[PDB]
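> based on what follows, work out the 3D shape:
(2 chains, ligands or ions: 15)
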Amino acid sequence: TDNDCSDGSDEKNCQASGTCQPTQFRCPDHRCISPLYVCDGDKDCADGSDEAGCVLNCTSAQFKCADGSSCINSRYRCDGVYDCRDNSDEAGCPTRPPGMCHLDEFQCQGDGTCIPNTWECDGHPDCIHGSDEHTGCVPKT
Amino acid sequence: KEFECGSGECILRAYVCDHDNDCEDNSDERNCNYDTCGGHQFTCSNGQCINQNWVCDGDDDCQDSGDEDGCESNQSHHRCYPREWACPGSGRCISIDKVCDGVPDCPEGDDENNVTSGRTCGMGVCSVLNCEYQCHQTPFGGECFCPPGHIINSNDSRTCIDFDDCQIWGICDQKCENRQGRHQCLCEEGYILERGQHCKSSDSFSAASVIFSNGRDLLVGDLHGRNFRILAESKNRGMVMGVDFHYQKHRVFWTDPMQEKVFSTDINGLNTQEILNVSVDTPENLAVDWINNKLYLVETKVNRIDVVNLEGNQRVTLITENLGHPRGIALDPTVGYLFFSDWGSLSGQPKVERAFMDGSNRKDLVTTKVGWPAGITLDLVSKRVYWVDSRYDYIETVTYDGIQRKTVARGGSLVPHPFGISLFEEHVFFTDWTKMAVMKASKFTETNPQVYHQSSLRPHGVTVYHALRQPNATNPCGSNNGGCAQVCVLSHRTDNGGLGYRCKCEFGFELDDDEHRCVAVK
Ligand SMILES: *[C@@H]1O[C@H](CO)[C@@H](O[C@@H]2O[C@H](CO)[C@@H](O[C@@H]3O[C@H](CO)[C@@H](O)[C@H](O)[C@@H]3O)[C@H](O)[C@H]2NC(C)=O)[C@H](O)[C@H]1NC(C)=O
Ligand SMILES: *[C@@H]1O[C@H](CO)[C@@H](O)[C@H](O)[C@H]1NC(C)=O
Ligand SMILES: *[C@@H]1O[C@H](CO)[C@@H](O)[C@H](O)[C@H]1NC(C)=O
Ligand SMILES: *[C@@H]1O[C@H](CO)[C@@H](O)[C@H](O)[C@H]1NC(C)=O
Ligand SMILES: *[C@H]1O[C@H](CO)[C@H](O)[C@H](O)[C@H]1NC(C)=O
Ligand SMILES: *[C@H]1O[C@H](CO)[C@H](O)[C@H](O)[C@H]1NC(C)=O
Ligand SMILES: *[C@H]1O[C@H](CO)[C@H](O)[C@H](O)[C@H]1NC(C)=O
Ligand SMILES: *[C@H]1O[C@H](CO)[C@H](O)[C@H](O)[C@H]1NC(C)=O
Ligand SMILES: [Ca+2]
Ligand SMILES: [Ca+2]
Ligand SMILES: [Ca+2]
Ligand SMILES: [Ca+2]
Ligand SMILES: [Ca+2]
Ligand SMILES: [Ca+2]
Ligand SMILES: [Ca+2]
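Residues are numbered from 1 along each chain as shown, chains lettered A, B, ... in the order given. Ligands and ions are numbered 1, 2, ... in the order given. Below, you will see the structure:
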């Protein structure tokens, strides 16, 4: 029922015989439909026959909401933004130990804030009293 | 303190005089204020007013189920109908004139002989039933059939009780009364009754024509398609998108998304001029308030609904909240509603929305099983809205309050991809993007829509050019611009303490505390 050919050639002689192609799924009394729309989170048939009764699936590059309501991309896991409705993504994210900093971070002795290791001994005092450019830093020839 | 009934009982003041009997003496129900409901309320059978949002939500608030009547899309019949038979499979109803006639006249085809069941069509035990009217052949043998205004009683096939034929879909095209002859049709003023069922336009009006977009140009023809005339041809690879008219001034308006402009012309093709060319980029559809001299416009680059005068000067945005993908628009200035469609909001929900003619009191008129709702048209005499859907591929109708949902067409073979729709008297003309033609359809029930004009391109919005399509009504803003400083936008008749209008200010101003005088925005 979609005018793909832009001239209606792919929708000519379409009949209610209910004899869709093997690949195409058949809504009970609505239309045939492509597999790529079966179980895709969207009700494409009138009665939602193409979506009801199925279950979600995920590659190694995706993450499951706790309630099974979505398969979000793994990039959005532990990002500071609630994506899943049940907030299953940002729960259990790594917490910086009390008043310290992660392994990837130098800590400014002047105020306790954290900056990446890549900024320690880089010639630019990032910390508020220049703690990150201490005299222990190797001189750059 | 509280109100004490004549029978010796205390009842709270809030529930005193609210259509609730309370004390058996009905002391609180002898007096009747129970004034008529406002625009924002639904009116129950017993006169109780409830908020519009309570309608078809699942709660029988009216105590009469008047607000929960047929919220479903006519999934199945209710005991079928008199002088009709029920197909078990899908709830389709056909009459005895088709049952056992030798042809499968419903999807299951159960109404004929089948080798898998052994049911045969002919007489039978009906000789013992002794029906009130007649017997006739069914695949189970002889069964009862009864005249108009005769339906079988409670689990008593032999007994027929009088029935209200006024409740059957499409018994009379406009109006019906059941006090005489078990039913009788009648017509609104301006129409004239033909036969005993159909009301047609009186010949006292000039003519009736249908205007539609060929997909490139603006066409026009008669109601039978004998002759077609190109009204205005598109320039610079233009595209006629959405069309509407104004019978009083003989002007026809059409939008253009490719040229990003909105035009207007006389019916003769003279004086074609640009109405708007600023900030209008994808005007999907259009509508005209014919009594207030306004042009309501749809925009989809920045999803909003505008209102501008017929010449295109005074502009103000009405709806912007959660408008998602607005496609369809229709209005009834005589009563004062605005109907518009939305095939996806900022919230995932698609819906068909109702609002006052100034954007106030938005309501989800139809929410369930709505898919991709498209252009909307109104039956101005029966108070119903007709909308088409491109996802679930149906043409459906609900009343102004969203109750009594009935489907007039359905299926991938019937209406594979409707876009635009318009009513005249008994026919819905609807564009379809798959069969690539403007199609003529009966407005009650159709087995198969007829082809009206077959195009080489995707057609678009259709309208029927006639005077009766724009009934007369008084103009609330006629009394010296309604007192508003800049712009007078019409609203519900019951809004603004019955004044029927709300003042607005053009872009760059805001309303003061008087709601009459505009002040420069800060
Ligand atoms: C809404 O109201 C307007 C104004 O009352 C109606 O327009 C007018 O309708 C009358 C008929 O009642 C027309 O009179 C006829 O005009 C023709 C042409 O000149 C003439 O041959 C007839 O003998 C008769 O005089 C009138 O022309 C027409 N136009 C105006 C501006 O007055 C309109 O029909 C009403 N519409 C509805 C749907 O109620
Ligand atoms: C999908 O589901 C199957 C189990 O039915 C599983 O073995 C497979 O790895 C999943 N594939 C993808 C692409 O998620
Ligand atoms: C059948 O109809 C009679 C009519 O009086 C009613 O009393 C009875 O309850 C009905 N029985 C059933 C099972 O519908
Ligand atoms: C818009 O229309 C006006 C009036 O015809 C014209 O003066 C103006 O140049 C137009 N602007 C554009 C961008 O077409
Ligand atoms: C329907 O028609 C199709 C056309 O490809 C096939 O011939 C099919 O076998 C037919 N019958 C059914 C039941 O699908
Ligand atoms: C965050 O929780 C984890 C649990 O493994 C660690 O205990 C971490 O030290 C916690 N940090 C804070 C501040 O709560
Ligand atoms: C500076 O010289 C030392 C040896 O004395 C190292 O080779 C070092 O790598 C040099 N600096 C850079 C930037 O390469
Ligand atoms: C009913 O009351 C409404 C306001 O709720 C309007 O005032 C309407 O005009 C009234 N109807 C009648 C017949 O007076
Ligand atoms: Ca479709
Ligand atoms: Ca799907
Ligand atoms: Ca996240
Ligand atoms: Ca540094
Ligand atoms: Ca009461
Ligand atoms: Ca309710
Ligand atoms: Ca038959």
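> number of nearby residues for the one residue in chain B that gets nearest to chain A?
Chain B approaches chain A most closely through residue B:412 (3.6 Å), counting by C-beta to the nearest C-beta. For the C-beta atoms, the positions are set from N, CA and C on the backbone; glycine is no exception. Neighbourhood size, residue B:412 [other C-beta atoms under 10 Å in any protein chain shown]: 22.
> show the contacting residues for the closest residue to residue B:343 other than its chain neighbours.
The shortest distance from residue B:343 to any non-neighbouring residue, by C-beta to C-beta, 6 or more residues apart in numbering or on different chains, is to residue B:372 (4.2 Å). Residues counted as contacts of residue B:372 (C-beta atoms under 8 Å, 6 or more residues apart in numbering or on different chains) are B:343, B:350, B:389-392.
> with residue B:190 instead?
B:201-202, B:204-205, B:468, B:471.
> how about the strands in chain A?
A:25-26, A:32-33, A:62-64, A:71-73, A:105-107, A:114-116 (DSSP state E).
> adding mean neighbour count as columns, could you present those strands in CSV?
CSV is the format used below for these (neighbours: other C-beta atoms under 10 Å in any protein chain shown):
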stretch, mean neighbour count
strand A:25-26, 18
strand A:32-33, 18
strand A:62-64, 17
strand A:71-73, 15
strand A:105-107, 18
strand A:114-116, 15
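> and residue B:16, how many residues sit next to it?
Neighbours around residue B:16, by other C-beta under 10 Å: 17.
> equivalent analysis for the one 3 residues further on, please.
As a burial measure, residue B:19 scores 16 neighbours (other C-beta under 10 Å).
> one more: residue B:359?
When neighbours are defined as other C-beta under 10 Å, residue B:359 has 21 of them.
> gap between it and residue B:337?
For residue B:359, the distance to residue B:337 equals 12 Å [C-beta to C-beta, to the nearest Å].
> surely residue B:40 meets residue B:354?
No - with contact defined as C-beta atoms under 8 Å, residue B:40 does not reach residue B:354; the gap is 10.5 Å.
> more crowded one of those two?
A side-by-side neighbour count of residue B:40 and residue B:354, using other C-beta under 10 Å, places residue B:354 first with 22 against 16.
> ok, and the closest non-adjacent residue to the more buried one?
Nearest residue to residue B:354, sequence neighbours excluded (C-beta to C-beta, 6+ apart): residue B:365, at 4.1 Å.
> CA atoms only: put stretch B:91-98 into PDB for me.
Taking Å, rounded to 0.1, in the frame of the first residue of the first chain, the C-alpha atoms of stretch B:91-98 are listed here in PDB:
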ATOM      1  CA  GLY B  91     -19.600  -9.300  12.400                       C
ATOM      2  CA  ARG B  92     -20.600  -8.100   8.900                       C
ATOM      3  CA  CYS B  93     -24.300  -7.800   8.400                       C
ATOM      4  CA  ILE B  94     -26.300  -8.600   5.200                       C
ATOM      5  CA  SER B  95     -30.000  -8.800   4.600                       C
ATOM      6  CA  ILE B  96     -32.100 -11.800   3.500                       C
ATOM      7  CA  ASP B  97     -32.100 -10.400   0.000                       C
ATOM      8  CA  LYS B  98     -28.500 -11.500  -0.200                       C
END
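> quick one: is it near chain A?
No - judged by C-beta under 8 Å from any C-beta of the partner chain, stretch B:91-98 stays clear of chain A, getting no closer than 11.2 Å.
> what touches both of residue B:40 and residue B:354?
The contact sets of residue B:40 and residue B:354 overlap at residue B:52 (C-beta under 8 Å, 6+ apart).
> ok, residue A:36 - how many residues close by?
Per other C-beta under 10 Å, the neighbour tally for residue A:36 reads 7.
> state the distance from it to ligand 9.
Using C-beta to the ion, to the nearest Å, residue A:36 is found at 16 Å from ligand 9.
> next one: residue B:92
Taking C-beta to the ion as the measure, residue B:92 falls 23 Å from ligand 9.
> and what about the nearest residue to that residue once chain neighbours are set aside, helix, strand or coil?
Leaving out its chain neighbours, the residue that sits closest to residue B:92 by C-beta to C-beta, 6+ apart is residue B:106, at 4.5 Å. Classification of residue B:106 using DSSP: H, G, I helix; E, B strand; the rest coil returns coil.
> show the contacting residues for residue B:152.
Counting by C-beta under 8 Å, 6+ apart, residue B:152 makes contact with B:144, B:146, B:159-161.
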